[PDB]
Amino acid sequence: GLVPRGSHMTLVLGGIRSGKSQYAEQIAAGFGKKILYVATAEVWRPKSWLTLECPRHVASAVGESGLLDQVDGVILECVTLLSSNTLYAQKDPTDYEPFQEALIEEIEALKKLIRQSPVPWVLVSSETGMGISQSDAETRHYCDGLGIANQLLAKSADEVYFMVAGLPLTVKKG
Amino acid sequence: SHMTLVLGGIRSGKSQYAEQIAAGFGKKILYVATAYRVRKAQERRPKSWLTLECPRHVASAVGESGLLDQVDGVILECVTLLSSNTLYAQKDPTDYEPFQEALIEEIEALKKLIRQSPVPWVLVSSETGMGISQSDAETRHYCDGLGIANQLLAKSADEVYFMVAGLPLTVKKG
Amino acid sequence: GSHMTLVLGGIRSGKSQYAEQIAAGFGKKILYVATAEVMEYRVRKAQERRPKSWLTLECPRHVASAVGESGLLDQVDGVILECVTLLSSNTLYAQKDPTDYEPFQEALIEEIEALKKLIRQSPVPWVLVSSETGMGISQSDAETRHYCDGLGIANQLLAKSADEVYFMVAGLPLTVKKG
Ligand SMILES: Nc1nc2c(ncn2[C@@H]2O[C@H](COP(=O)(O)OP(=O)(O)OP(=O)(O)O)[C@@H](O)[C@H]2O)c(=O)[nH]1
Ligand SMILES: Nc1nc2c(ncn2[C@@H]2O[C@H](COP(=O)(O)OP(=O)(O)OP(=O)(O)O)[C@@H](O)[C@H]2O)c(=O)[nH]1
Ligand SMILES: [Mg+2]
Ligand SMILES: [Mg+2]
C-alpha cells in the first residue's frame, strides 16, 4: 500500500519527574538505531547513540558537526536548560529584553535547522507556568522566556505531547 | 458558544486565544479588564473594542453600564487578578473563609449575569495549583480561591479550554 | 467499573470531589484511608460531606501494612486513598536527613510498591488521590526539590499500575488512561 511518514518535529513537555525524557527517548528509538542525543546541560542510554554536548547555539553546533547526516534522528535534552543557560549568559539577568531576544534567536535558529533536517527531531522542554507567580523579576523573566520558547516550538512542531505522571496527552497531531 | 473559559499557565497564549475567540464574537467587543507586558496588549487592542476597567464587582459594573446591549460579546481579563483583588480587599487576607465567601459571591454574580447576558462571554483565568505549595498563608489562600473560582466558572461555562504552549486542549465542549 | 483509579490534579482542582464520586460508584461502604496528620478547615469541610456509611482509617505512613492489618478490606465496597501527596510528605519528614534524597526515595518507593501489591490482592477497588506539583518554578530548597521528585516518581508508579487515570483541570477530568 502507501508508506506512512512519521512525525518530523515532536515536542514533549511536562513537569518535573513526569516521564518526558523516557517518552522522548522511546520516540527517538522509533526514529532508528543511531540517534544524536544533543544534551544542553551546562558544562564548564542505548549503546548505539552519539552524545553531542552543546550548551548554547544549538543550531550552529549541530549544523557544524555534520552529524545530521550520520544519525537516524535527534533528541534534544532540553529546552529548559537551554533557556536557563541563555539567561545566565546575559550581562544583567534581571533585565528581560536581552534575554528574550537571545532566547528567541536561539529558538528560531533551532526551528530553521529543523526545517532543513533530513532526520526527525524530538525535543524535551518543561512546563513552569502553572504555579504561583514568583516575586523576583529574574525568576519571572525565566518563566516568561521558557513559555515563549515552548509556544514557538509547539507552533512549528508536527506533534506536541503533554506528559502527566508518565502518560502522554496529545496536544497536537498532524 | 455562550460562555467560554480559557485558562492556562504563565505565557501559555491564553490571552491571544481568548482575543481571537472574542474577535470571532464580532467587531464591537467589550474588553472587561480587572487589573512591560501590559504595553503589548494595550498597543494592540482593536479600536472598535471598548475597554471597561472594573477591578471588583464585575457583574455590578457590567450590568450598570448597559453595554451588554451595545457590543457583540465580552472578554474578561482576567479571573486571576479578580481573585487577587478580592483577597487583598479583605480585612485579613490571612483568614481564608471570608475571602472565599467574597470570591464565591463575585463568581456567582458573574455566572448569573452571564446566564441572563444577551451576548456571549469569554473569560481568561490562570492555573496556579500545579507547583509547590508556598509558605505564606495569603499565597495558599489565593491559590485555593482561584482554584475554586475556576471550578465554578468551568462547571457553569459551555466550553473550557486549557492552554498548553499556545495550543488549546478542550476540557469541555457542549 | 475500574479496579485501580488515580485521580491527580493541582491545588483546588476538584480531585477530591471527583474521586469521592468514583468511590460512591464503588458502593455505599467505603474505606476512607486518610494520610493527613494534624489545615483544620480542609479536614473539617471534607469530613462534613463524608457519607455516614464510610469508615475513615487514618494512616499517615505504611498504608499497605496498616490497611492489611485492619482487615477492613473485607468490610467495605471500595477504598479511597487521600492522599499520596501527604503520604510522600510524611515519608520525607520521617527521615533523619530530609535533605538527603536517596533514602527518602527508597522509603517512598517501598511504600508505593507495598501499596501496589495490596491493591493487586485487594478484593475491593481503589481510587487514589494525588497532586501535581511539578509544573511551577523550580524551588530553591533542596528538601522541596526532593519532595517534588519523589511525588513525581510515586505518581508515575501509581499511574503505570492504575486502570484509569484522570487529570483534573478546574474541576473537570481529562482522561489520561482508560481501560
Ligand atoms: N486593566 C488592564 N489590564 C490589561 C490590559 N491589557 C492587558 N492587561 C493585563 O496584563 C496582563 C499581562 O498578561 P500576559 O502578557 O498575557 O501574561 P500571561 O498571562 O502570562 O500570557 P498568556 O498566558 O499568553 O495570556 C494580563 O493578565 C491582563 O489582565 C488592559 O488593557 N487593561
Ligand atoms: N486525617 C484526615 N485527613 C483528611 C480527612 N478528610 C480529608 N483529609 C485531608 O484533607 C485534605 C483536604 O483536601 P481539599 O480540601 O479537597 O484540598 P485540595 O486537594 O487542594 O482540593 P481538591 O483539588 O478539590 O481535592 C486532603 O488532602 C485529605 O488528605 C480525614 O477524615 N482525616
Ligand atoms: Mg493574560
Ligand atoms: Mg483533595
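Letters A, B, ... are given to chains in the order of the sequence lines, protein chains preceding strands, and every chain is numbered from 1. No hydrogens, no waters, no symmetry mates; every other heavy atom, side chains included, goes into these values.
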| So do the side chains of B/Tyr96 and C/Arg42 get within less than 4.5 Å of each other, counting heavy atoms only? |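 B/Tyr96 vs C/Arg42: side chains apart.
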| What option among C/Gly9, C/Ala170, C/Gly10, C/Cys148 has the most heavy-atom pairs under 4.5 Å with chain B? | C/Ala170
| request: Flag the one option from C/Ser138, C/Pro173, C/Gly14, C/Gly171 with the top tally of heavy-atom pairs under 4.5 Å to chain B. | output: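 Heavy-atom pairs under 4.5 Å are most numerous for C/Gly14.
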| task | Would you mind telling me which of B/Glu97, B/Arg140, B/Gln134 has the largest number of heavy-atom pairs within less than 4.5 Å of chain C? | result |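 Top count of heavy-atom pairs under 4.5 Å with chain C: B/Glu97.
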| With a 4.5 angstrom heavy-atom cut-off, which part of C/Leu174 approaches chain B: side chain, backbone, both or neither? | side chain
| Heavy-atom distance under 4.5 Å to chain B: side chain of C/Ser13, backbone, both or neither? |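 It is the backbone, since no side chain atom gets that close.
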| query | Hey, what do you get for CZ (C/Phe167) to CE (B/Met130), rounding to the nearest 0.5 Å? | reply |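 Those atoms lie 4.0 Å apart.
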| message | Rounded to the nearest 0.5 Å, what separates atom CD1 in B/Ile132 from atom OG1 in C/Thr144? | response |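 These two atoms lie 6.5 Å from each other.
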| request: Determine which residues belonging to residues 147-157 of chain B lie within contact range of chain C, meaning some heavy atom pair is under 4.5 Å apart, and list them by number or answer 'none'. | output: B/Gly147, B/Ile148, B/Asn150, B/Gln151, B/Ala154
| request: Output the residues of residues 109-119 of chain B for which the shortest heavy-atom distance to chain C is under 4.5 Å, in residue-number order; output 'none' if no such residue exists. | output: none
| For B/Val171 and C/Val169, which heavy atoms make the closest approach, and how far apart are they? |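 Closest heavy-atom pair between B/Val171 and C/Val169: CG1-O, 4.1 Å.
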| request: Assess whether atom CD of B/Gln16 is packed by more than 12 heavy atoms of other residues, nucleotides or ligands within 6.0 Å. | output: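 At most 12 heavy atoms, drawn from other residues, nucleotides or ligands, come within 6.0 Å of this atom.
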| field | Interchain contact, B/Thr170 with chain C, by part (heavy-atom threshold 4.5 Å) | value |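 B/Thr170 touches chain C through backbone heavy atoms alone.
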